[PDB]
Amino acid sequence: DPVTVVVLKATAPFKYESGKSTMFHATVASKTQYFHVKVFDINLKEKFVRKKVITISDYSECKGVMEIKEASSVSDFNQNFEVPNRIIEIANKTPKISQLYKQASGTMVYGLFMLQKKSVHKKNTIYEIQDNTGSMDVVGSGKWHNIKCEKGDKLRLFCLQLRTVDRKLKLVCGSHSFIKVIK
C-alpha cells in the first residue's frame, strides 16, 4: 500500500551488474518505522533528497528493504509531516558486531563501521571491521576489490549480506551492495 515517509539519507547513483544498470540506496522514515530502499530508477534521485517528504506506492519488498523501479510511484507530500524523533535515531544507529553475529545468513546489513585491517588477495579483499563488541570480515569483490582506505578510516555499508564463509559469519557483497569510505 502507499506509504508517506521523510527521506533521511540517499547515496549518489552508482553502477552495478545483474544486466548492467544503475541505482542508489536511501533510508526513509514513516511515523512508525524506518526502511532501507533500493531505487533502480536514477531519475528519482531528485525526489530522494535529505528532508524531502514523499509518498511511495506500488513498490516491492525483500527482507524488509523497499524496492522502487518506476518513477510513476513516488509523489511529493507537501502537507505537514512530522515523524517521532526516535525513529530518526534508530534509523541512524549502526548495529553492534556482537548482534550481527547472532542473525541468520541472508540478513541485509547497513551501517557505519571503522576499518581495522585490510587484506588484499587475488579477487577478494577482506576488510576487517571492529567495534567495542567484536570484529568481522567484509568481503569485497569487483567494484569493491582494493578500494581506497586504510586503518582508521570508517566504512559505510549499504545492503551487505551476512553469509557463513569458512564456518564464520561474514559480510559479503552482491549486485546491490555499496561501500563508502569516510575520512
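When you see a residue number, it is the position in the sequence shown, counting from 1.
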property	result
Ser18 to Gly19: deposited residues without atomic coordinates	1 to 3
Segment of higher mean CA temperature factor, 135 to 143 or 46 to 54	46 to 54
64 to 72 versus 126 to 134 - greater average Cα B-factor per the deposited record	64 to 72
Top Cα B factor in the deposited entry, candidates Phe113, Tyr101, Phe77, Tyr110	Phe77
CA B-factor placement of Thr164, once the chain's modelled residues are sorted into thirds	lowest
B-factor third for the C-alpha atom of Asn92 within its chain	middle
Third assignment of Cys173 from its chain's C-alpha B-factors	lowest
Lowest, middle or highest third - CA B-factor, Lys31	highest
